[PDB]
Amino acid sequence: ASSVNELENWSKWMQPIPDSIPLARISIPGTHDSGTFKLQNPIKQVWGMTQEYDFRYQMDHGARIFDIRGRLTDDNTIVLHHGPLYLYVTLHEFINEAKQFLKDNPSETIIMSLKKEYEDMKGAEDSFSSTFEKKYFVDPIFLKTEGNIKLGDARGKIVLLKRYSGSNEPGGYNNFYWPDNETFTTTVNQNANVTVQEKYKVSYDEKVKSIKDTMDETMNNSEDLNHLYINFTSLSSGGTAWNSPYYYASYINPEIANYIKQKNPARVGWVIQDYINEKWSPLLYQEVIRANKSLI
């Protein structure tokens, strides 16, 4: 917890950061629609795929925020979906990957975002929220404290970001407004503000400026520990190749990485990207992690 070259260890980069720092203040990399890596079908890949590697690979590359979209089934379990498309990945599968990673690298923590992606199957017994909280959230790995959660309290546990409305169990970040397809700012608990930029389905130029504008506001508000910044760099238009999430990501990722490298900011926020890999020139996730050198 003294050297900045400790941030270069993607598997244990949160180790050098102080316990007292709220998770909201740390610049954290994330993945959009994390569980689409198994899609091998052509027509399906062009529309729904946003990641090419598994959960463990993502975690070993510094990613700490995961975008999980689920659906309640006839068997009373929760599986991962992209619209009406079953992804061949379950919620249990994600939690078990996260558990093993937290065991191997105890200085870290993972933030899990959960959202209901499609309507429940006919024969389900209970509701989406009830099934999640009774069969999953009850596991000791989930942090059950609320408020402006700090890194020290989060180490070794999973922190929930609720994007569903049925909740009855305390823990993590609660559900808030969140209007569809746009940038906004609201309130979470009693001690926090949130600014989100999730403009999917928008022109390329409009998207790039929305990301930069939101990122500029975060740099200028580096000391506001009570403000949470969530910035999605993913774009979803009309697949059909050369218009797919892959095409877009190959330009947006190197572009935004360089933008951070030039500005030398103290804070960048939570950046949820598509296609985390080692292909594109300057690495987006790496530049986000390095923006935390000011916390050390």
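One-based numbering along the sequence shown.
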Mean C-alpha B-factor comparison - 191 to 199 and 104 to 112, higher one: 191 to 199
Residue range whose averaged C-alpha B-factor is higher in the record, 11 to 19 or 273 to 281: 273 to 281
Given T36, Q58, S236, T233, the residue at which the Cα B factor reaches its maximum: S236
Peak C-alpha temperature factor (PDB record), options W242, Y229, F66, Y53: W242
Chain thirds of CA B-factor: placement of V268: middle
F176, C-alpha B-factor rank within chain (lowest, middle or highest third): highest
Third of the chain, ranked by Cα B-factor, where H81 sits: lowest
For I95, the third of its chain into which the C-alpha B factor falls: lowest
Entry-reported Cα temperature factor of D224, expressed as the chain third it lands in: highest
